[PDB]
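What follows is each chain in one-letter form.
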Amino acid sequence: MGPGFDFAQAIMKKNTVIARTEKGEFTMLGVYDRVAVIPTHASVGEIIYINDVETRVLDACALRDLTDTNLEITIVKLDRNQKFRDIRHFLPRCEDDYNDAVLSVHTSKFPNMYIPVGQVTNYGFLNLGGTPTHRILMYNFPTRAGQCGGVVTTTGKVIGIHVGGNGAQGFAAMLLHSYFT
Ligand SMILES: O=C(O)c1ccsc1
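- Method-wise, the PDB entry is recorded as coming from X-ray crystallography, at a reported resolution of 1.32 Å.

1. Describing the pattern of salt bridges
Piece 1. Inspection of the entire model under this criterion finds 5 salt bridges.
Piece 2. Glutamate 25 serves as the salt-bridge partner of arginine 20, at 3.5 Å between the closest nitrogen and oxygen.
Piece 3. What makes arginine 20 partly exposed here is its relative accessible area of 39%.
Piece 4. Note that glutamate 95 and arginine 135 form a salt bridge whose closest N and O atoms lie 2.9 Å from each other. Of this pair, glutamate 95 sits in the loop between strand 6 (70-78) and strand 7 (98-105) while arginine 135 sits in strand 9 (residues 131-139), and the two are 40 residues apart along the sequence.
Piece 5. Residue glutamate 95 is classed as partly exposed on the basis of its relative accessible area, which comes to 39%.

2. What about the domain arrangement of the protein?
Piece 1. Taken domain by domain, the protein consists of domain 1 (1-15 + 85-181) and domain 2 (16-84).
Piece 2. Here the C-alpha centre of domain 2 lies 16 Å away from the C-alpha centre of domain 1.
Piece 3. Between domain 1 and domain 2, the contact holds 34 residues from the first and 27 residues from the second.
Piece 4. Summed over both sides, the interface between domain 1 and domain 2 buries roughly 2400 Å², with carbon and sulfur atoms accounting for 66% of that surface.
Piece 5. When the buried area of domain 1 at its contact with domain 2 is split by residue, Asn15, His134 and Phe180 rank highest and sum to 23% of it.

What counts as what
- For every chain, the first residue of the written sequence is numbered 1, i.e. counting runs from 1 onward, and this need not coincide with the entry's numbering; residues without coordinates are not included.
- To obtain the side-chain values, all non-hydrogen atoms of the structure were used and water was disregarded.
- What counts as a salt bridge is simple: a side-chain nitrogen of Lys or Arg found within 4 Å of a carboxyl oxygen of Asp or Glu.
- Accessible area is worked out with a 1.4 Å probe on protein chains only. A residue is then buried under 20% of its type maximum, exposed over 50%, and partly exposed in between.
- We count a stretch as a helix when DSSP gives it H or I for four or more residues in a row; a strand needs E for two or more, and each element gets its number in order from the N terminus.
- Domain delimitation follows an automatic or database domain assignment.
- Contact between two residues is taken to exist if any of their heavy atoms lie within 4.5 Å; hydrogens are not considered.
- Using a 1.4 Å probe, buried area is obtained as the accessible area two parts lose upon being combined, added over both of them.

Listed below in structure tokens is the structure:
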């Protein structure tokens, strides 16, 4: 509809795949080369399905901060015959708050879905499904099961991936440039 949705659509059409684990179907953001991200609660194993194709996982790392606190981001290197467009230059360098964000989801359940979530707060600490979690972003949108892994963008920045909600608010894990140097 406008320049928020334009940037969101470019990221979705080139830099997302559908990932399936034993824990469900997720939006998965490709960042550069064969490196992608997914919520840690997807429980990535040795094999994952990518767009319904059996794919070996070359490496997987569940990120934690230097206090040994969950960040809810798993970085995955996929045994795929093609690289992602490099979008590292759209990642923020620091923790921040944002205006006018879009949450974009692409799965079998929610194809080509874009949600204007509005203002995004640096919320910080969240007890997410019982697990203490840091670097959480919050938006005041009533997000639903099936949105996990959804990409949060502003015009020109890829800022986070959706990891949960409480029925009134949605929560994303921050993406930072330093995760992918
Ligand atoms: O390839 C691209 O840059 C693209 C795809 C959809 S909108 C922009």
